[PDB]
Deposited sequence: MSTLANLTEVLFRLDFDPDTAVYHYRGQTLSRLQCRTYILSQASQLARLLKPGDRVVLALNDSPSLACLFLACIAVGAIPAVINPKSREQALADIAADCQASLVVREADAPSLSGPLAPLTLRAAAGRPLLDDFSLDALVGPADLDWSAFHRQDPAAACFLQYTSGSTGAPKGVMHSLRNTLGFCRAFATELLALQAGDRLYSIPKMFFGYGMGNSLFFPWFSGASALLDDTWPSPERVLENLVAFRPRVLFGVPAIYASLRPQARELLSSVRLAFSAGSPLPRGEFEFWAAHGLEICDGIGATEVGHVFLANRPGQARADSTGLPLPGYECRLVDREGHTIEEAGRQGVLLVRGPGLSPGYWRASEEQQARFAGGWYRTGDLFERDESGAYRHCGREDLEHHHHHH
């Protein structure tokens, strides 16, 4: 295969550079603005990090987080985004697990750097003081095997490795094949970027499909969410079942903007589906897993059904194994869901033999019990 770099590949996708990519605190950044900032920042990270060094980013959602993440990748570093409110020992355990060279935290608290106070639109994270001002026209991307580890996603937390190949893989299946996101689409993800679901929705899909995403550094209280819906008016809403439960009293405001409502994280109850169907809003339930990059099995827009997880996305293969390890062919018979496909991770960054056994045989063992109906659609039935 030909060596490549995930940030460079995204930067080369054919979309208008003057269009929005990120929105933050009432401001908007274009693809061009972030691209310029990412290259400048990369020129500084290259003075600090050698290719392969790990970086832990314990930051609230913001354009600077997304861009710093892409700047790490540009120079060949391997970033991980974790909950900024992690306990001290939890942050330490993660940095030790990936042997990180650099941790970047919020203000006031490996080498540790801090964001500025005041929530600026763009942040230098003290790099100007640490390594000096940026180069003007940096482009020294670190290109590598497309199957090699590019960044980590931690889900005892284990670090899931994601590569250039399977990242573009899960983007294609979900953003393109399932949702058919169009350039200019406005996206709003309630889950944050330290969640695999949020990282895809907010960080990657804007670059991948020419869309733009609202980023919010505050926690998603239902009143904060409602504010954002009316200020931003997204076409696509990435939610979870409890969120839609909390949005019932505001159905009018929701349907005024949201045209594609997605739900992931846990099974969407039939009651929630039918309530919003009665109001004329289709909630598409889909399942993803960190070890699979993003959503791999979902209700297709315009064809969703209640109490169902839908059909495997294009390119994915789903299998059900019974308690003796045999593949289940019959419908209405529960088994453990195994999955392979474009988004499948190459494995955990650091793990025991038993931990890596989740990836045994070229499949990811979800640990979810599922059943298939006569048409091939899946239905969540609990955990093993």
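Q: Take the full deposited sequence, match it to the modelled residues, and report the stretches without C-alphas.
A: In sequence order, the gaps with no modelled C-alpha are 1, 111 to 118, 165 to 169, 399 to 407.
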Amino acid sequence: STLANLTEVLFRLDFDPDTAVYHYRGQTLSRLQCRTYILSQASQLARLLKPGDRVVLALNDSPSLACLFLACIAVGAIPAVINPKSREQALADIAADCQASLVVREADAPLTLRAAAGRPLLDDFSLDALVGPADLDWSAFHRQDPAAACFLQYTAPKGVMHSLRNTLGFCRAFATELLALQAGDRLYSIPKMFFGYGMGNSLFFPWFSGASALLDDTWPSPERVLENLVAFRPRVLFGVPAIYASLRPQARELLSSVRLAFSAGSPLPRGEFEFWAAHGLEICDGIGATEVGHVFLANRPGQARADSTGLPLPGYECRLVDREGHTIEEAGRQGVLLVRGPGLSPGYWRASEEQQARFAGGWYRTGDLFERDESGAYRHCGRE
From here on, numbers count along this sequence of modelled residues.
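Q: If you average the CA temperature factors as listed in the entry, which stretch comes out higher, 160 to 168 or 303 to 311?
A: Going by the record's values, the stretch with the higher mean is 303 to 311.
Q: Comparing 193 to 201 with 264 to 272, which has the greater mean CA B-factor as deposited?
A: Per the deposited B-factors, the answer is 264 to 272.
Q: Quiz for you: based on the deposited Cα B-factor, which of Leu215, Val295, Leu226, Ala149 is highest?
A: Out of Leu215, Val295, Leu226, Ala149, the record gives the largest C-alpha B-factor to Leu226.
Q: Have a look at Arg186, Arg143, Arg119, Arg105 and flag the one whose Cα has the highest B-factor in the entry.
A: Going by the entry's C-alpha B-factors, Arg119 comes out highest.
Q: So where's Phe174 on the chain's Cα temperature factor ranking, which third?
A: Within its chain, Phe174 is a middle-third residue by C-alpha B-factor, going by the deposited values.
Q: Compared with the other modelled residues in the chain, in which third is the CA B-factor of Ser30?
A: As the PDB entry reports it, the C-alpha B-factor of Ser30 lands in the middle third of its chain.
Q: Would you please rank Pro249 by its C-alpha temperature factor against the other modelled residues of its chain and give the third it falls in: lowest, middle or highest?
A: It falls in the top third of the chain.
Q: For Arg350, does the deposited CA B-factor place it in the lowest, middle or highest third of the chain?
A: Tercile = lowest for this residue's CA B-factor.
Q: Can you tell me whether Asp93 has a C-alpha B-factor in the lowest, middle or highest third compared with the other modelled residues of the same chain?
A: As the PDB entry reports it, the C-alpha B-factor of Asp93 lands in the middle third of its chain.
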